[PDB]
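Right, one structure below, let's go through it.
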Amino acid sequence: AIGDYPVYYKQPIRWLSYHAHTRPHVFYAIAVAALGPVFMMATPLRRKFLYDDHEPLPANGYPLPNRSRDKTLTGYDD
Amino acid sequence: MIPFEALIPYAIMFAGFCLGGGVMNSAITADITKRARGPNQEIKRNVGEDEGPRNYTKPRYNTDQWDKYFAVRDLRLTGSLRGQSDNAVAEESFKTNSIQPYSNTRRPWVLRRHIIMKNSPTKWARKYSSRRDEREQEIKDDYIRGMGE
Amino acid sequence: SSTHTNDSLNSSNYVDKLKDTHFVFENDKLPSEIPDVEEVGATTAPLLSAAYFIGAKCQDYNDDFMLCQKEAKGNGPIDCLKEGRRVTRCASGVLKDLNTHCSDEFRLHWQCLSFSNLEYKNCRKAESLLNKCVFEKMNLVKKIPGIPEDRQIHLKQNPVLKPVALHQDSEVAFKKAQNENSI
Amino acid sequence: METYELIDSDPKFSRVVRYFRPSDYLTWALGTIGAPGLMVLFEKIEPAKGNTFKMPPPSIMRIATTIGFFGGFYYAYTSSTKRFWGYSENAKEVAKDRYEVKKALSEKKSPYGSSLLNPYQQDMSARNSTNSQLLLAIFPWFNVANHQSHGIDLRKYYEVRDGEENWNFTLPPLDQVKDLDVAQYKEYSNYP
Amino acid sequence: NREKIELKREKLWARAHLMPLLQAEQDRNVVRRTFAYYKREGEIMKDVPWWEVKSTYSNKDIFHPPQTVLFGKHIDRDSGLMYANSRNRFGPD
Amino acid sequence: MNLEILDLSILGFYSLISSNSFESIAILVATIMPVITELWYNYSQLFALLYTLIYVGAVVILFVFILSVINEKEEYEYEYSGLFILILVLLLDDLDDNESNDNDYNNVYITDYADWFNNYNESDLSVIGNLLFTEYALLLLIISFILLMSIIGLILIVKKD
Amino acid sequence: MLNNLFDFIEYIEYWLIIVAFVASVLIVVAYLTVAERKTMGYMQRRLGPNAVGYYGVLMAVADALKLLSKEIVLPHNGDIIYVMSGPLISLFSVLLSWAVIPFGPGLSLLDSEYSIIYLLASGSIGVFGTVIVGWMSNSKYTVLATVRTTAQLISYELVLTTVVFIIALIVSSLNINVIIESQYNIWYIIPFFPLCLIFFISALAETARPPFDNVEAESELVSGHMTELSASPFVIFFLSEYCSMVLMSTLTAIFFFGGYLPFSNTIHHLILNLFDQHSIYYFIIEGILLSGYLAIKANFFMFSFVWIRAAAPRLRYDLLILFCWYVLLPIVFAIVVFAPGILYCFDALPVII
Amino acid sequence: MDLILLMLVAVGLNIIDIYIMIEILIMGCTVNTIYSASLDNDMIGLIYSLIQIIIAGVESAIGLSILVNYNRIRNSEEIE
Amino acid sequence: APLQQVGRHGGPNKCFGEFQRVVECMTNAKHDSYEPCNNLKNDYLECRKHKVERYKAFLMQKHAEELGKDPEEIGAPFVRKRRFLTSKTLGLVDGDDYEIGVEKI
Ligand SMILES: CCCCCCCCCCCCCCCCCC(=O)OC[C@H](COP(=O)(O)OCCN)OC(=O)CCCCCCCCCCCCCCCCC
């Protein structure tokens, strides 16, 4: 078996070597694609070790105070 | 050894971009600034003796709906879509010079004139069947009949 | 967003031609039973320059007008006329004060905005002079709610995004205050 | 109609898996090995080729186990979901659920948990995932978010039931529990 | 990108502070045109005793500004090029 | 002067006289172009560009299929028609162009009153993406499921082996 | 006069701006043909055109004028539709694409939040112009080029579109001018060096330039779809092809090299400090500098378009089909997932400001 | 003029011409949807319009593939 | 409840409020029949099409024609060309009739 096709569930490391050598357009395209979700799973580590998330933007209309109207408000009258 | 004769066409191409950039950056900026001076040609063209150094307004980009509202509002205050004014109180004319666009809501011409696109079971019913219009005319007729009570 | 609508001016006259748009005027004023008010005369650039000063001065009237709208249950335009006039007068007062106490600093700021696509990030030098002058003469401070005081973008020392072209009047005025005010 | 108490109209993916009974794992295991068994059974009933029994190739056995592994988990997931919905006997699940909620309330923590989704997205996520187990046989969809639309009232966790007096849980008012809608809109009514 | 978020927050609050005064001006404009619509309808339909001037909505508790109008003078009818031979907007030419 | 009427009249004239398959795919291009331009003005600039982005790619694939099928049939087949009858047919179709019979809806103009409550202004495409990926994410996933079926479907129909 | 002239110019001012804009693009395209021959000549140790106008500066004029004074070959005079429909569609597609190219901040004829879509959509129309020439044509070499032209479109269109979408995704905007301003602190060549190479490869494929010059391979299909073209139809197709070369070179400078942004911020301030902002001379110089920054970056890739032609042999079109689908598409699709994962991880999802 | 089925003459006498007719007919529905959505200021209708464009594109690909294989079968001897 | 009638900025459009009040009336338990909600349905359809209001405008125009009233005497002034929204029409004190600049904002 000097150049045989490795069996994935028996030699996982050798199996990855075959595609890295014979199909570079497949091995490294998946490797770049994998890092996307991988960094997404590392987000909690950044949340605790580097900095916290920004406060959400006020993209929900005018901020209305959560109170009844001030009936004792005057000024700039007619 | 740098061949300068090969670089001559690139220098002319370099001047080609500069011609467009020089004309567009200056002529457009000057036009906006000129129209922001006032509502009449005697102010846009003639520069007063007591007027200060000219401040130029650069072209606006990356706008939204709020900027469209602002442009119309500035037109009703200065006669220009980008006019300048920091007055605390607007003129009396600003009260009643509002502009409201009224327009039709008809379907595109291609939808009602294409030899193929205008044919469908529902479009034929809208165009040739009075079943929809007769029923909807009842609502219009109910409006007048409910006035006297 | 440049989507065509039936509520404002569209992108080109070809849109008007297809829509057969009529730009309709009304020659009638408000009825006499509604008290008259003086409309704000500031254009886009002065309003953006004084946006945080109007909010600081007229916060209670802004909230009261907006609380009237929510509590009107669909009848906002008619019921809240009284609250609307309070905001207009209060906002006009802020602009009037800016023309009597900080006219040089105020005009330097919104002329920079007209020079720099009305972007706040491109007129920090002029805004800083304006903010200092307003505070020392009106006791009004620009504040961005929802974030810590030291994490406000307008107070950032070394912003990542800076204007491409410097505003010469802002540069000269900024240097005139660096050496003189801070000896 | 055999009806029981409602626990959670949209239980979370982790909650469903944690509340698996020993029978749920048993049905999961039977599904995992049943699919390879059915291929053996089908060959025994009628061989694929010829007239004598021939074992299916190991490559078929590997993919059949993978199909059965997901098939068994889906069956177990549906069985556990009905206990949250109340369609199935869930007295064991009710007791475990009430203990967890009271413990979270005593710590001034939301029983649903903190979420990265804003108020709109939390409601939107609940609409997409609620009752999606009815079509789990067609295509998967799970509640993997900490939303607050679970079709229950946290008031019912304040009343003490039998066997819960010794839990010694002190429950503060809901308006003092973090990450609850009744304890977020303090300054603005449109922002939590 | 994180600075753009802070810049976005600054712009959103600046528009929020300008919103009440700009909307108050817009509310008066809508009310002014609403009254102008019913005044025009009243003048045209005054000779009809049974005609009632009202909106086409059953919900009288919700303000529905009319969105139609009757076209009058064409101000730029005589306009040529570089100059509008504008007719009088207030009354006859 | 609505020049869209003239363009559609020219397009309709060639539809009745088109003989070969190449003239038919040219009719399709002469149909999308008025749609895109009439969308670019008036109603929606966003979908005018979306129509150009998607349908132009489909036209080229349609064209390359024609080169593999043309079999001399319409290069010598005769057509009779007649100039007078073709103009008469188009003239009668020109008489009625009212797609709807609500005269009030077609003759009375309306306006909208803009408001300043939307301080957060973004393009329509962002709002479409906001709803498509959150409110109607199932539709997006099923569309991808349909796209997957097409990829498998094309291979099994076309591939010899 | 005087008063009636000082407002007539204002009435026609913006038409002069467009005419100047058209001349600016044409000059670059006209002298790109001269530059390409001069650049290849010295690389091939020849001289290139130097005997048509002083040092060869009139070479472009002579080539255009001579062809404009040539007989138009067609089966009948009424057949002017057949040999002109193709080139005109191709020329209009590339000229309209220049409307959204900003030479400075806001200095574009068309400004819109969908400028990226308009750019890609307009370019796709130009492909339809090439296939029109092969309209049941009796020329066998014209027919073979149309088949190759469609094959190349399938190669680059998916790859080119997705690369532009990644840059738009990074800025969360489809506006070209917003993309340019977003590169103030970092030029996208550094974070997306693989994409810049991929974009340039797709640009070569789109323009049918070597090593992807299978449509107009002289040693394979004499002249391709232009073998039956002469006089004006040849010029319009020749003009459109070189207009695409300038446009794609300018696009590369915009997407990855900051567009019109200065090479050095310090040098930009010093030069402009020599001019008064209260006079128009400042904005004349400012437009020269900002477009000069764009010109230098664009001229480099126009040099690179010539550079690759003089250094690489032609690749077969069937090999190109396998190249884009097996290599380019998996890579670009991998990046379109990688980029949002990075941005979300560090709480840096983009917004428009 | 529509009730006499005038559109049956505007469609050419080739199989691919029937395909073009279907694309135009479906495109008319999408244009109508954009017309209604734009007036209503409703992005839901624009979501529908986008779906109709994507779905109609899938339909064209499937139909073309059947027509491609159908043309292949007749010219399938390939003895050369 | 799925969202319907969403404006171009992500929020409710002009006619969502009418639609929302229809849904609340139909799903309210206190009602025995859908008759009380009939008036709310008409308002929502009036918000979109304005068919009744256009009909009212048709009557007013037709009524004025038989009375001999000139349309320009009882109508509203309008301008058809955006470049001719001059400062004289806008009523500015120094307003001129020269065309306004609408080429590039
Ligand atoms: C865009 C500017 C450059 C192109 C200008 C060319 C003008 C020619 C007409 C353009 C199409 C207008 C609408 C007609 C639909 C297509 C009909 C057609 O086949 O082309 C018309 C052309 C005229 O030649 P004729 O001999 O009269 O027709 C064959 C009679 N058996 O018969 C032919 O087969 C010649 C076809 C030549 C290639 C034309 C390819 C289509 C061009 C579409 C681009 C313009 C988009 C449509 C604009 C108008 C829309 C109505």
Side-chain angles (χ1 to χ4, degrees), chain B residues 108-110 113-117, chain F residues 2-40 48 51-52 55-56 59-60 62-64 66-67 70 73-83 86-87 90 94, chain G residues 74-96 121-122 124-138 142 146 149 225 228-229 232-233 235-237 239-240, chain H residues 9-14 16-17 20-21 24 27:
Chain B
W109 287 102
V110 64
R113 278 189 163 270
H114 194 275
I115 194 64
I116 300 180
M117 227 177 66
Chain F
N2 298 319
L3 289 184
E4 286 77 8
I5 304 177
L6 179 60
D7 304 321
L8 296 167
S9 300
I10 297 181
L11 166 63
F13 174 75
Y14 278 95
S15 63
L16 303 180
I17 71 185
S18 59
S19 60
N20 57 79
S21 57
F22 284 98
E23 300 175 16
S24 63
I25 184 260
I27 287 290
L28 176 61
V29 175
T31 297
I32 311 174
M33 248 62 252
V35 169
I36 294 171
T37 303
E38 196 158 1
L39 282 179
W40 172 260
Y51 257 103
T52 320
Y55 266 84
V56 168
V59 167
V60 184
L62 190 71
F63 184 89
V64 85
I66 304 303
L67 294 176
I70 172 175
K73 79 287 295 299
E74 278 287 350
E75 188 56 37
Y76 75 103
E77 274 174 17
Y78 292 146
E79 302 85 24
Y80 313 93
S81 297
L83 183 70
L86 293 171
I87 300 301
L90 298 171
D94 193 11
Chain G
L74 22 65
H76 288 78
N77 53 8
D79 303 11
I80 195 176
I81 287 190
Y82 296 87
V83 275
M84 279 69 169
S85 52
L88 279 185
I89 293 177
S90 179
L91 181 66
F92 295 159
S93 172
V94 63
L95 292 184
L96 290 181
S122 300
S124 58
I125 300 187
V127 184
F128 185 78
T130 305
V131 309
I132 282 307
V133 195
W135 186 278
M136 59 172 54
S137 177
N138 48 12
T142 300
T146 61
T149 300
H225 59 274
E228 304 293 331
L229 298 180
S232 238
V235 180
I236 298 187
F237 243 149
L239 179 61
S240 63
Chain H
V9 182
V11 188
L13 302 185
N14 291 321
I16 202 58
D17 307 356
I20 298 177
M21 177 202 63
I24 299 177
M27 180 164 47

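First the proteins, then the strands, lettered A, B, ... as listed; each starts at 1. Quick note: numbers below take in every heavy atom, side chains included, and nothing from hydrogens, waters or symmetry partners. Indexing begins at 1, ligand by ligand and atom by atom, following the structure's order.
Remark: atom 3 (C) of ligand 1 lies closer than 4.0 Å to at least one protein heavy atom. Within a 4.0 Å radius of atom 45 (C) of ligand 1, the protein contributes no non-hydrogen atoms. Distance remark: protein heavy atom present below 4.0 angstrom from atom 21 (C) of ligand 1. Under the 4.0 Å distance rule, the nearest protein heavy atom to atom 34 (O) of ligand 1 falls inside the cut-off. Atom 11 (C) of ligand 1 is never approached by the protein to below 4.0 angstrom, counting heavy atoms only. Protein heavy atoms are absent from the space less than 4.0 angstrom from atom 49 (C) of ligand 1.
Numbered from 1 in the order shown, with element, the atoms of ligand 1 that lie under 4.0 Å from a heavy atom of F:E23 read 19 (O), 29 (C), 31 (N), 34 (O). For ligand 1 and G:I132, the ligand atoms under 4.0 Å from any heavy atom of the residue are 38 (C), 40 (C). Interface atoms of ligand 1 facing G:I81, defined by a heavy-atom separation under 4.0 Å, are 8 (C), 23 (C), 35 (C), 37 (C). Near F:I27, meaning under 4.0 Å from any of its heavy atoms, are these atoms of ligand 1: 15 (C). Taking every heavy atom of F:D7 and a limit of under 4.0 angstrom, the matching atoms of ligand 1 come to 51 (C).
Checked against the 6.0 Å centroid threshold, F:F22 and G:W135 count as a close aromatic pair.
Heavy atoms from other residues, nucleotides or ligands lying under 6.0 Å from CD1 of G:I80 number 12 at most. For F:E79, the CD atom counts as densely surrounded, since its 6.0 Å shell holds more than 12 non-hydrogen atoms of other residues, nucleotides or ligands.
At a heavy-atom cutoff of 4.0 Å, ligand 1 is contacted by the side chain of G:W135 but not by its backbone.
For the pairing with F:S24, the side chain to side chain contact (heavy atoms under 4.5 Å, CB included) check across H:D17, H:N14, H:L13 returns one residue only, H:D17.
Formation of a donor-acceptor pair under 3.5 Å by the G:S137 side chain with backbone atoms of G:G134 is not found in this model. Using modelled atom types, no side-chain atom of F:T37 and backbone atom of F:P34 make a donor-acceptor pair closer than 3.5 Å.
The heavy atom nearest to atom 38 (C) of ligand 1, considering only G:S85, F:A30, F:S15, is found in G:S85.
When only modelled atom types and interatomic distance are considered, B:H114 and F:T31 share a side-chain donor-acceptor pair under 3.5 Å.
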